[PDB]
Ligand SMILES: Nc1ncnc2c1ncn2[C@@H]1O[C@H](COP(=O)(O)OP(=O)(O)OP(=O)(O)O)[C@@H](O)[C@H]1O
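Single chain ahead, by itself, as structure tokens, in the form solved without adenosine-5'-triphosphate (ATP).
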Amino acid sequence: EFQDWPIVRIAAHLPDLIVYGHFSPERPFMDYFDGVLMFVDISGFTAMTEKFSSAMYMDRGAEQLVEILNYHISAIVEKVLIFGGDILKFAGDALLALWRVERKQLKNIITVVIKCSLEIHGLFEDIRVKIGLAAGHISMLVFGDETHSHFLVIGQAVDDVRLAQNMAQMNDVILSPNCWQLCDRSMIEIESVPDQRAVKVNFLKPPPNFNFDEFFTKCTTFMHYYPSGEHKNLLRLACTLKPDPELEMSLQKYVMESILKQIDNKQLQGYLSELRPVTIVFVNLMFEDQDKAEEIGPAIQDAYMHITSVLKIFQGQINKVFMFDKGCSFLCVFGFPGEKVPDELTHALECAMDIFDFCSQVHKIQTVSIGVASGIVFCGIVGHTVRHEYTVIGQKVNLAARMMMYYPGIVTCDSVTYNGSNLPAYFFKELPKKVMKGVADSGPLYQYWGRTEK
């Protein structure tokens, strides 16, 4: 069975949620379902990346980093896949996976996902991970324009797995309060988490009669894309995809053009693994706690239509979009594969202020925040052969990320960007530097005030 078609290579960059969906061209598109979510904190990615920036690695730091990272990441991915999970996105500090099933089956699936989580820690019993799990209703949002598509999962189950994540320490498996209350408590031994309603999993103690293999196989009954039969030994049914122009047209909208060129063998397969000077523009769009997903979707769509238009003007791209706690965030980048223009820093700032101005006027968006940082960041395809994504990793990525969170409502920039721009000082304001989660001495942080006082 020949399986190396372009459509198959494109599908490697996408979850089954997108590959095997069949939904309208309307944007935004929204769908609703139930499932179990898994968030694997891999940090040790942004910790290690800056070790490989040193001269000890003799200009092969990027190639060495992608190698060892994929070694560990791909092992996590294999575990997720063989347990029936769907890896939704990679984000440098973690991956998010989904077990979509009917509500009546969440109880049994939570057990599958807990066993999966425990075997993932088994792979690493320095290098360790933290796992959060949640279960309940999930909303999917698809937004984009006629040639680009993006997706997000939204809902309390998403926010639940967010908070379960941040409690875990190395080797921990934290269950969301709803996950704990929907799970098979007769089989899961838990313990308190101080003044948090989540719980930590200590042991999986099944009845004397219980055989997980038989249990798991019956659970696969409910998995609408688990490989079986002649394809029992495939990690993804997506590997069996055959040419289909209409489907490929839809799927390629989700993938960055430079990635498509590699998939088409018009670019060296190692061209995208690099430690590169870029400028990160991290945009955050905060909505109110009361907002429903049906209001958030149209707002993100309207925001995105402007963001992409400005990014193309100033020659930037969207690398990642996230959402948790009513904040939708766009990881934008300037200066990656063929986009290194001489005045990158000035354009990043003006693009940021432009995005800030417009999105601040979109209804239902209560606050816009943008952090800008410039420096060496790792760029590469991270994951497994069958499931991988282009991702940027580095401390300047994390700095832009916390800038937009710790300095809401304004456009902030780092000292590199400030000094390097061909703009005068009064366009800026030096800021009170704040204690920021796992961030070194930033250097001076600045607000991009603009060309006028008003």
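Rigid core: the largest C-alpha set superposing within 1.5 Å between the two forms. Each residue number is its position in the shown sequence, starting from 1.
In what follows, reference is made to the form solved in complex with adenosine-5'-triphosphate (ATP), a form of this protein that is not presented.
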Is the binding site on this chain open or blocked for adenosine-5'-triphosphate (ATP) after its pose in the bound PDB entry is superimposed by the nearby C-alphas, counting blocked as 3 or more ligand atoms within 2.4 Å of backbone or C-beta? blocked
Considering non-hydrogen atoms and a 4.5 Å limit, does adenosine-5'-triphosphate (ATP) approach residue 78 in the bound PDB entry? no
Would residue 36 show up as a contact with adenosine-5'-triphosphate (ATP) in the bound PDB entry if we use heavy atoms at 4.5 Å? no
Any non-hydrogen atom of residue 222 within 4.5 angstroms of adenosine-5'-triphosphate (ATP) in the bound PDB entry: no
Even though adenosine-5'-triphosphate (ATP) is not shown here, does residue 414 get within 4.5 Å of it in the bound PDB entry, heavy atoms only? no
I need to confirm a contact call. Of 106, 331, 275, 142, which residue comes within 4.5 Å of adenosine-5'-triphosphate (ATP) in the bound PDB entry, counting heavy atoms only? 331
All three of 44, 324 and 393 touching adenosine-5'-triphosphate (ATP) in the bound PDB entry at 4.5 Å, heavy atom to heavy atom? yes
Contact stretch among 88-96, 350-358, 305-313, 364-372 - heavy atom within 4.5 Å of adenosine-5'-triphosphate (ATP) in the bound PDB entry: 88-96
Using the arrangement in the bound PDB entry, list in sequence order the residues of 388-404 with any heavy atom within 4.5 angstroms of adenosine-5'-triphosphate (ATP). 391, 392, 393, 397, 398, 401, 402
Among 326, 107, 261, 364, whose C-alpha is off by 2 Å or more between the shown form and the other one on a rigid-core fit? 326
After core superposition, I'd like to know whether residue 294 moves between the shown form and the other one (criterion: C-alpha shift of 2 angstroms or more). no
Comparing against this form, do residue 291 and residue 362 have their CA atoms pulled together or pushed apart in the bound PDB entry? The difference is 3 Å or more. farther
Work out whether the Cα atoms of residue 151 and residue 291 come closer together or move farther apart in the bound PDB entry than they are in this form, the change being 3 angstroms or more. closer
